[PDB]
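The next block is start_8.txt, given as compact mmCIF, C-alpha atoms and all ligand atoms.
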```
# COMPACT_ATOMS: atom_id res chain seq x y z
CA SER A 1 0.00 0.00 0.00
CA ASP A 2 1.02 3.68 -0.08
CA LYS A 3 3.79 5.15 2.06
CA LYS A 4 5.68 8.36 2.69
CA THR A 5 9.17 7.94 4.15
CA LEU A 6 11.53 10.40 5.81
CA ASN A 7 14.94 9.45 4.43
CA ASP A 8 17.13 10.13 7.48
CA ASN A 9 19.25 7.29 8.89
CA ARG A 10 19.65 8.71 12.40
CA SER A 11 17.98 7.95 15.68
CA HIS A 12 17.12 11.66 16.10
CA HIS A 13 15.33 13.65 13.37
CA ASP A 14 16.37 17.20 14.25
CA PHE A 15 17.02 19.84 11.56
CA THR A 16 17.99 23.49 11.41
CA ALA A 17 15.53 25.77 9.70
CA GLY A 18 16.25 25.83 5.95
CA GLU A 19 18.15 22.49 5.89
CA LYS A 20 16.88 20.11 3.25
CA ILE A 21 14.84 17.10 4.35
CA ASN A 22 14.55 14.17 1.96
CA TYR A 23 11.29 12.26 1.43
CA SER A 24 10.04 9.42 -0.71
CA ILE A 25 6.36 8.93 -1.57
CA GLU A 26 5.26 5.54 -2.92
CA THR A 27 1.74 5.26 -4.30
CA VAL A 28 0.04 2.33 -5.96
CA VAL A 29 -1.07 2.61 -9.55
CA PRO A 30 -4.10 0.39 -10.16
CA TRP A 31 -4.42 -2.39 -12.72
CA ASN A 32 -7.11 -0.41 -14.52
CA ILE A 33 -5.35 2.99 -14.65
CA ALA A 34 -5.59 3.09 -18.47
CA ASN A 35 -9.38 3.21 -18.16
CA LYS A 36 -9.29 6.19 -15.74
CA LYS A 37 -8.86 9.93 -16.42
CA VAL A 38 -6.45 11.29 -13.80
CA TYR A 39 -4.01 10.32 -11.05
CA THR A 40 -3.41 12.99 -8.38
CA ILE A 41 -0.89 13.18 -5.53
CA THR A 42 -1.49 15.93 -2.99
CA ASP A 43 1.15 16.69 -0.37
CA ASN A 44 -0.12 18.37 2.79
CA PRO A 45 2.85 19.21 5.05
CA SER A 46 2.13 19.96 8.70
CA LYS A 47 2.65 23.54 9.86
CA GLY A 48 6.33 24.45 9.94
CA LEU A 49 7.26 22.25 6.98
CA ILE A 50 7.61 23.70 3.44
CA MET A 51 7.78 21.39 0.43
CA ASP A 52 10.17 22.39 -2.34
CA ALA A 53 8.03 21.83 -5.44
CA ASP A 54 11.01 22.36 -7.80
CA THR A 55 12.65 19.17 -6.36
CA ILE A 56 9.96 16.62 -7.29
CA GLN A 57 11.13 13.69 -9.41
CA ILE A 58 9.07 10.63 -10.35
CA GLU A 59 11.03 7.50 -11.16
CA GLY A 60 10.46 6.48 -14.75
CA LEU A 61 8.23 9.46 -15.60
CA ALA A 62 9.62 12.56 -17.35
CA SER A 63 8.62 16.03 -16.10
CA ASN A 64 6.66 16.71 -19.31
CA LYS A 65 4.17 13.90 -18.37
CA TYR A 66 2.70 15.59 -15.31
CA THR A 67 1.94 18.97 -13.80
CA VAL A 68 3.11 20.31 -10.43
CA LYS A 69 1.15 23.07 -8.69
CA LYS A 70 2.28 24.75 -5.45
CA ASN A 71 -0.51 25.14 -2.92
CA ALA A 72 -1.40 27.60 -0.16
CA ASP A 73 -0.55 25.15 2.66
CA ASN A 74 3.06 25.03 1.36
CA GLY A 75 2.52 21.61 -0.21
CA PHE A 76 1.76 20.76 -3.80
CA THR A 77 -0.42 18.77 -6.17
CA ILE A 78 0.96 16.46 -8.88
CA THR A 79 -1.59 15.82 -11.66
CA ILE A 80 -0.91 12.95 -14.06
CA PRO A 81 -3.11 12.11 -17.06
CA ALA A 82 -4.04 8.49 -16.52
CA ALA A 83 -2.91 7.50 -20.04
CA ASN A 84 0.61 8.52 -19.09
CA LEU A 85 0.63 5.80 -16.41
CA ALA A 86 -0.43 2.87 -18.62
CA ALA A 87 3.01 1.17 -18.29
CA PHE A 88 2.74 1.48 -14.48
CA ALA A 89 -0.52 -0.46 -14.11
CA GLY A 90 -0.35 -2.63 -10.95
CA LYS A 91 2.99 -1.15 -9.87
CA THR A 92 4.12 1.42 -7.29
CA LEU A 93 5.02 4.95 -8.39
CA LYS A 94 8.00 6.42 -6.59
CA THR A 95 8.18 10.18 -6.11
CA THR A 96 11.09 11.87 -4.37
CA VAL A 97 10.92 15.42 -3.00
CA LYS A 98 12.68 17.68 -0.53
CA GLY A 99 11.25 19.95 2.12
CA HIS A 100 12.62 22.25 4.78
CA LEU A 101 11.46 23.80 8.05
CA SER A 102 10.37 27.45 8.20
CA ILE A 103 9.02 28.51 11.57
CA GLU A 104 6.52 31.39 11.69
CA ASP A 105 5.00 30.26 15.03
CA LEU A 106 7.50 29.66 17.82
CA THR A 107 5.12 27.25 19.54
CA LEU A 108 6.30 24.79 16.85
CA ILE A 109 9.84 24.63 18.29
CA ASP A 110 10.41 21.25 20.01
CA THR A 111 7.33 19.70 18.40
CA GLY A 112 7.14 16.86 15.86
CA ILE A 113 6.28 17.93 12.32
CA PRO A 114 5.23 15.19 9.81
CA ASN A 115 4.74 15.34 6.08
CA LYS A 116 1.45 13.91 4.75
CA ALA A 117 0.32 12.92 1.27
CA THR A 118 -2.80 11.47 -0.41
CA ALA A 119 -3.04 9.81 -3.82
CA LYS A 120 -6.36 9.76 -5.71
CA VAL A 121 -7.52 7.94 -8.85
CA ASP A 122 -10.29 9.95 -10.51
CA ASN A 123 -12.47 10.83 -7.47
CA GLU A 124 -11.44 7.89 -5.31
CA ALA A 125 -8.90 8.70 -2.62
CA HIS A 126 -6.37 6.33 -1.18
CA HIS A 127 -5.79 6.61 2.56
CA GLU A 128 -3.53 9.50 3.64
CA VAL A 129 0.04 8.54 4.43
CA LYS A 130 2.39 10.24 6.89
CA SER A 131 6.15 10.35 7.31
CA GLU A 132 8.05 10.28 10.56
CA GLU A 133 8.12 13.58 12.40
CA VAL A 134 11.03 16.02 12.25
CA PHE A 135 11.98 18.49 15.00
CA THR A 136 13.90 21.71 15.45
CA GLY A 137 15.21 23.20 18.70
CA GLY A 138 16.48 26.42 20.16
CA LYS A 139 18.01 28.25 23.11
CA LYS A 140 17.00 31.27 25.21
CA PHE A 141 19.42 33.65 26.96
CA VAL A 142 19.38 36.61 29.33
CA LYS A 143 22.02 39.34 29.46
CA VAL A 144 22.77 40.29 33.08
CA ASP A 145 25.23 42.16 35.30
CA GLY A 146 27.98 39.73 36.40
CA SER A 147 28.03 40.95 40.01
CA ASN A 148 24.25 41.40 40.27
CA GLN A 149 22.75 38.68 38.09
CA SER A 150 19.21 39.93 38.87
CA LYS A 151 19.87 43.06 36.80
CA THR A 152 18.96 42.53 33.13
CA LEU A 153 20.61 44.64 30.44
CA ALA A 154 19.33 46.36 27.28
CA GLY A 155 21.26 47.14 24.14
CA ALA A 156 23.55 44.11 23.91
CA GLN A 157 23.93 42.56 20.48
CA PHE A 158 24.85 38.90 19.97
CA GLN A 159 25.73 36.93 16.85
CA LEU A 160 25.13 33.19 16.40
CA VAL A 161 28.39 31.41 15.57
CA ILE A 162 30.03 27.98 15.64
CA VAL A 163 33.32 27.42 17.53
CA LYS A 164 35.85 24.58 17.13
CA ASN A 165 39.44 24.18 18.28
CA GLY A 166 39.35 27.44 20.21
CA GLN A 167 38.24 29.59 17.29
CA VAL A 168 35.10 30.94 15.69
CA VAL A 169 34.90 28.78 12.52
CA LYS A 170 31.44 29.65 11.13
CA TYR A 171 28.96 32.52 11.26
CA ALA A 172 25.21 32.08 10.95
CA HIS A 173 23.07 33.98 8.46
CA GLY A 174 19.30 34.12 8.35
CA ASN A 175 16.68 33.23 10.93
CA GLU A 176 14.12 30.53 11.90
CA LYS A 177 11.67 31.63 9.14
CA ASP A 178 13.96 32.36 6.23
CA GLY A 179 16.35 29.54 7.19
CA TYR A 180 19.92 29.58 8.39
CA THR A 181 23.19 29.11 6.60
CA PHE A 182 26.59 28.85 8.27
CA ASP A 183 29.86 29.78 6.52
CA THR A 184 33.15 31.65 6.98
CA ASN A 185 31.73 35.07 5.97
CA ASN A 186 31.68 37.42 8.99
CA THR A 187 29.17 39.85 7.46
CA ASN A 188 25.36 39.92 7.53
CA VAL A 189 25.55 37.70 10.61
CA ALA A 190 22.38 36.52 12.41
CA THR A 191 22.18 38.93 15.37
CA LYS A 192 19.76 39.72 18.19
CA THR A 193 19.52 42.82 20.37
CA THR A 194 18.30 42.86 23.99
CA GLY A 195 15.67 45.15 25.45
CA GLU A 196 15.33 46.10 29.10
CA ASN A 197 14.42 42.52 30.12
CA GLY A 198 17.80 41.27 28.78
CA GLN A 199 16.19 38.50 26.74
CA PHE A 200 17.23 37.09 23.40
CA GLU A 201 17.09 33.68 21.72
CA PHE A 202 17.99 31.67 18.65
CA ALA A 203 15.32 29.23 17.52
CA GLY A 204 15.17 26.76 14.64
CA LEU A 205 18.52 25.01 15.38
CA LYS A 206 19.31 21.32 15.23
CA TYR A 207 20.63 19.68 18.38
CA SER A 208 24.28 20.05 19.36
CA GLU A 209 24.72 16.30 18.98
CA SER A 210 24.05 16.77 15.24
CA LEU A 211 26.91 19.27 14.74
CA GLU A 212 30.19 18.11 13.15
CA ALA A 213 32.76 16.62 15.48
CA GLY A 214 34.36 19.23 17.68
CA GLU A 215 31.84 21.99 16.94
CA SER A 216 29.74 23.91 19.46
CA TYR A 217 27.16 26.62 19.07
CA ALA A 218 28.08 29.89 20.70
CA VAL A 219 26.84 33.46 20.91
CA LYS A 220 29.35 36.28 20.30
CA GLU A 221 28.72 39.72 21.79
CA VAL A 222 29.32 42.46 19.21
CA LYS A 223 27.81 45.39 21.12
CA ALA A 224 27.94 45.77 24.90
CA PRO A 225 25.03 47.09 26.98
CA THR A 226 25.50 50.72 28.05
CA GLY A 227 28.06 51.02 30.84
CA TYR A 228 29.63 47.56 30.20
CA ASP A 229 32.75 46.09 28.58
CA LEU A 230 32.41 44.08 25.37
CA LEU A 231 32.97 40.38 26.14
CA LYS A 232 36.31 39.05 24.93
CA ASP A 233 35.20 35.53 24.06
CA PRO A 234 32.10 33.75 22.76
CA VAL A 235 29.60 32.13 25.10
CA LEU A 236 29.03 28.42 24.43
CA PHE A 237 25.58 26.83 24.59
CA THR A 238 23.92 23.48 23.98
CA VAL A 239 20.69 22.67 22.08
CA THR A 240 18.87 19.46 23.07
CA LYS A 241 15.35 18.14 22.69
CA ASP A 242 13.11 20.49 24.69
CA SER A 243 15.86 23.00 25.59
CA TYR A 244 13.70 25.81 24.10
CA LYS A 245 10.09 25.06 24.95
CA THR A 246 10.52 24.03 28.58
CA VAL A 247 11.91 27.39 29.82
CA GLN A 248 10.31 30.82 29.95
CA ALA A 249 12.37 33.49 28.25
CA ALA A 250 13.23 35.14 31.60
CA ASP A 251 14.83 31.81 32.66
CA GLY A 252 17.19 31.72 29.68
CA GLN A 253 20.89 30.98 30.09
CA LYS A 254 22.41 33.94 31.96
CA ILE A 255 25.33 35.77 30.35
CA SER A 256 27.39 37.94 32.71
CA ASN A 257 28.71 41.40 31.78
CA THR A 258 31.26 43.57 33.59
CA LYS A 259 31.03 47.35 34.04
CA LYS A 260 33.40 49.69 32.25
CA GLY A 261 34.51 53.26 32.65
CA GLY A 262 33.11 55.98 30.39
CA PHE A 263 34.64 58.47 28.02
CA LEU A 264 34.78 62.25 28.02
CA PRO A 265 32.59 63.82 25.33
NA NA B 301 4.38 8.47 -5.84
NA NA B 302 8.54 15.10 8.56
```
Once more with this new file: its structure as structure tokens, please.
Amino acid sequence: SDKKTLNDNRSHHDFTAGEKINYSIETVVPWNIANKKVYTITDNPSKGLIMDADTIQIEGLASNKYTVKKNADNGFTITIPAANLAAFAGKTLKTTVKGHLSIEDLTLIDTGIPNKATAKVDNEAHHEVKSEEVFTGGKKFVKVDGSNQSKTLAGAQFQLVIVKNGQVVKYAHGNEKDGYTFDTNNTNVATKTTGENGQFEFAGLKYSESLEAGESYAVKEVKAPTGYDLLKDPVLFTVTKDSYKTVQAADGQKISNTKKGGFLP
């Protein structure tokens, strides 16, 4: 019978926003397809998952034999004239496609997000199939005074980076909606600014266990709060299942700052 498979040979199915996720959809083509009019595959991703309609490939069927339409729920419909499937009667059609996570609702962090699809022959639907669920994580932080950790600080700016071997090796770009990329370009870096409550966060990150060997996430201060010294070194953090959703923002990881003298205007 029909199936949709997440192609991910790990015990944990965590992804960073924007990373490609590989799926296979297998749908039965009936014995009598040649006597039908149309074969439809509709993909209905759960909220947070975007299907990349440009990546669809159907084994044994050229792109000029079917139509792909992108839909409002961020999935798609494949429409195949039944005559084009005559050689597939009684066999399984294999469609491959990619998706990616794009988070517009932060309540989706640390929740399982499946893909779903339904094949239909003329008006008669097959049962909906679902893939395994994918997840994305995050981390919350609070900028505070190092000698009075109850005092939260406005105006700090922090970049998201990756450290390895005692150095910053990669800089993040993007965000949990648009997706992240990480490379050696220290410009247009993903940055957050604190308000009076000191809070900031980075959401839509895969778990630290999924980073390359030796890598850690870190946040790098690039503007100090008023009256404080810019930190010398990045601040390491860990992302795990539920590290984001189980803490209120005011209970984020505390980052200490030290006061500094002023200047004469
Ligand atoms: Na298929
Ligand atoms: Na999924």
Review point. So which residues touch segment 221-227 of chain A within 7 Å, counting all atoms listed in the file, skipping near sequence neighbours fewer than 6 positions away, as a ChimeraX atom specification?
Key: /A:153-159,234,259-260
Each residue of chain A with at least one atom at most 12 Å from ligand NA 302 (chain B) should appear once, together with its nearest atom pair and the corresponding distance in Å (one decimal); atoms considered: all atoms listed in the file; ordering: chain, then increasing residue number; output as JSON lines.
```
{"residue": "A:4", "atom": "CA", "partner": "B:NA302", "partner_atom": "NA", "distance": 9.4}
{"residue": "A:5", "atom": "CA", "partner": "B:NA302", "partner_atom": "NA", "distance": 8.4}
{"residue": "A:6", "atom": "CA", "partner": "B:NA302", "partner_atom": "NA", "distance": 6.2}
{"residue": "A:7", "atom": "CA", "partner": "B:NA302", "partner_atom": "NA", "distance": 9.5}
{"residue": "A:8", "atom": "CA", "partner": "B:NA302", "partner_atom": "NA", "distance": 10.0}
{"residue": "A:12", "atom": "CA", "partner": "B:NA302", "partner_atom": "NA", "distance": 11.9}
{"residue": "A:13", "atom": "CA", "partner": "B:NA302", "partner_atom": "NA", "distance": 8.4}
{"residue": "A:14", "atom": "CA", "partner": "B:NA302", "partner_atom": "NA", "distance": 9.9}
{"residue": "A:15", "atom": "CA", "partner": "B:NA302", "partner_atom": "NA", "distance": 10.2}
{"residue": "A:20", "atom": "CA", "partner": "B:NA302", "partner_atom": "NA", "distance": 11.1}
{"residue": "A:21", "atom": "CA", "partner": "B:NA302", "partner_atom": "NA", "distance": 7.8}
{"residue": "A:22", "atom": "CA", "partner": "B:NA302", "partner_atom": "NA", "distance": 9.0}
{"residue": "A:23", "atom": "CA", "partner": "B:NA302", "partner_atom": "NA", "distance": 8.2}
{"residue": "A:24", "atom": "CA", "partner": "B:NA302", "partner_atom": "NA", "distance": 11.0}
{"residue": "A:43", "atom": "CA", "partner": "B:NA302", "partner_atom": "NA", "distance": 11.7}
{"residue": "A:44", "atom": "CA", "partner": "B:NA302", "partner_atom": "NA", "distance": 10.9}
{"residue": "A:45", "atom": "CA", "partner": "B:NA302", "partner_atom": "NA", "distance": 7.8}
{"residue": "A:46", "atom": "CA", "partner": "B:NA302", "partner_atom": "NA", "distance": 8.0}
{"residue": "A:47", "atom": "CA", "partner": "B:NA302", "partner_atom": "NA", "distance": 10.4}
{"residue": "A:48", "atom": "CA", "partner": "B:NA302", "partner_atom": "NA", "distance": 9.7}
{"residue": "A:49", "atom": "CA", "partner": "B:NA302", "partner_atom": "NA", "distance": 7.4}
{"residue": "A:50", "atom": "CA", "partner": "B:NA302", "partner_atom": "NA", "distance": 10.1}
{"residue": "A:51", "atom": "CA", "partner": "B:NA302", "partner_atom": "NA", "distance": 10.3}
{"residue": "A:97", "atom": "CA", "partner": "B:NA302", "partner_atom": "NA", "distance": 11.8}
{"residue": "A:98", "atom": "CA", "partner": "B:NA302", "partner_atom": "NA", "distance": 10.3}
{"residue": "A:99", "atom": "CA", "partner": "B:NA302", "partner_atom": "NA", "distance": 8.5}
{"residue": "A:100", "atom": "CA", "partner": "B:NA302", "partner_atom": "NA", "distance": 9.1}
{"residue": "A:101", "atom": "CA", "partner": "B:NA302", "partner_atom": "NA", "distance": 9.2}
{"residue": "A:111", "atom": "CA", "partner": "B:NA302", "partner_atom": "NA", "distance": 10.9}
{"residue": "A:112", "atom": "CA", "partner": "B:NA302", "partner_atom": "NA", "distance": 7.6}
{"residue": "A:113", "atom": "CA", "partner": "B:NA302", "partner_atom": "NA", "distance": 5.2}
{"residue": "A:114", "atom": "CA", "partner": "B:NA302", "partner_atom": "NA", "distance": 3.5}
{"residue": "A:115", "atom": "CA", "partner": "B:NA302", "partner_atom": "NA", "distance": 4.5}
{"residue": "A:116", "atom": "CA", "partner": "B:NA302", "partner_atom": "NA", "distance": 8.1}
{"residue": "A:117", "atom": "CA", "partner": "B:NA302", "partner_atom": "NA", "distance": 11.2}
{"residue": "A:129", "atom": "CA", "partner": "B:NA302", "partner_atom": "NA", "distance": 11.5}
{"residue": "A:130", "atom": "CA", "partner": "B:NA302", "partner_atom": "NA", "distance": 8.0}
{"residue": "A:131", "atom": "CA", "partner": "B:NA302", "partner_atom": "NA", "distance": 5.5}
{"residue": "A:132", "atom": "CA", "partner": "B:NA302", "partner_atom": "NA", "distance": 5.2}
{"residue": "A:133", "atom": "CA", "partner": "B:NA302", "partner_atom": "NA", "distance": 4.2}
{"residue": "A:134", "atom": "CA", "partner": "B:NA302", "partner_atom": "NA", "distance": 4.5}
{"residue": "A:135", "atom": "CA", "partner": "B:NA302", "partner_atom": "NA", "distance": 8.0}
{"residue": "A:136", "atom": "CA", "partner": "B:NA302", "partner_atom": "NA", "distance": 10.9}
```
Point to revise | Exercise answer, 9 Å around ligand NA 301 (chain B) with only C-alpha atoms and all ligand atoms, as a VMD selection string | key: chain A and resid 2 to 4 24 to 29 41 58 to 59 92 to 96 119
With 5 Å added on each side, what axis-aligned box encloses every listed atom of segment 122-130 of chain A? Give the centre and edge lengths in Å to one decimal, as JSON.
```
{"center_x": -5.0, "center_y": 8.6, "center_z": -1.8, "size_x": 24.9, "size_y": 14.5, "size_z": 27.4}
```
Review point. Suppose you want the space between atom CA of residue 42 of chain A and atom CA of residue 108 of chain A; what is it in Å?
Key: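 Result for atom CA of residue 42 of chain A versus atom CA of residue 108 of chain A: 23.1 Å, one decimal.
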Check your understanding: Do you have the atom CA of residue 251 of chain A-atom CA of residue 193 of chain A distance handy?
Key ->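 If I compute the distance from atom CA of residue 251 of chain A to atom CA of residue 193 of chain A, I get 17.2 Å.
Straight-line separation from atom CA of residue 71 of chain A to atom CA of residue 55 of chain A: 14.9 Å.
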Using all atoms listed in the file, determine which residues lie at most 9 Å from residue 181 of chain A, disregarding the query and same-chain residues fewer than 5 positions distant; provide the list as a short mmCIF file (atom, residue, chain, number, x, y, z; two decimals) with C-alpha atoms, in the frame of the given file.
```cif
data_model
loop_
_atom_site.label_atom_id
_atom_site.label_comp_id
_atom_site.auth_asym_id
_atom_site.auth_seq_id
_atom_site.Cartn_x
_atom_site.Cartn_y
_atom_site.Cartn_z
CA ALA A 17 15.53 25.77 9.70
CA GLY A 18 16.25 25.83 5.95
CA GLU A 19 18.15 22.49 5.89
CA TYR A 171 28.96 32.52 11.26
CA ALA A 172 25.21 32.08 10.95
CA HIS A 173 23.07 33.98 8.46
CA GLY A 174 19.30 34.12 8.35
CA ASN A 175 16.68 33.23 10.93
#
```
Practice item. Return the single residue from A:40, A:68, A:34, A:118 that is closest to residue 85 of chain A, with distances computed using only C-alpha atoms. Key: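 Residue with the minimum atom-to-atom distance to residue 85 of chain A: A:34.
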Exercise for review: Find the residues near residue 152 of chain A: any atom within 7 Å, counting only C-alpha atoms, skip ones fewer than 5 places away on the same chain, and give them as a PyMOL selection string.
Suggested key: chain A and resi 143-145+196-198
Keeping only C-alpha atoms, write the selected residues to a file as an mmCIF file, in the coordinates of the input.
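Done, and the output landed in selection-v2.cif:
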```
data_model
loop_
_atom_site.group_PDB
_atom_site.id
_atom_site.type_symbol
_atom_site.label_atom_id
_atom_site.label_comp_id
_atom_site.auth_asym_id
_atom_site.auth_seq_id
_atom_site.Cartn_x
_atom_site.Cartn_y
_atom_site.Cartn_z
ATOM 1 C CA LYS A 143 22.020 39.340 29.460
ATOM 2 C CA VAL A 144 22.770 40.290 33.080
ATOM 3 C CA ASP A 145 25.230 42.160 35.300
ATOM 4 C CA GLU A 196 15.330 46.100 29.100
ATOM 5 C CA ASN A 197 14.420 42.520 30.120
ATOM 6 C CA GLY A 198 17.800 41.270 28.780
#
```
Study note, to complete from the structure: For residue 241 of chain A, the closest of A:195, A:166, A:137, A:146 counting all atoms listed in the file is A:137
**Study point:** Pick from A:177, A:126, A:170, A:254, whichever lies nearest to residue 216 of chain A using all atoms listed in the file
**Key:** A:170
Review point. Could you list as a PyMOL selection string every residue that has an atom within 7 Å of (-0.3, 15.2, -21.4), using the file's coordinates and counting only C-alpha atoms?
Key: chain A and resi 65-66+81
Restricting the output to C-alpha atoms, write the selected residues as a PDB file, keeping the file's coordinate frame.
```pdb
ATOM      1  CA  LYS A  65       4.170  13.900 -18.370  1.00  0.00           C
ATOM      2  CA  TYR A  66       2.700  15.590 -15.310  1.00  0.00           C
ATOM      3  CA  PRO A  81      -3.110  12.110 -17.060  1.00  0.00           C
TER       4      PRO A  81
END
```
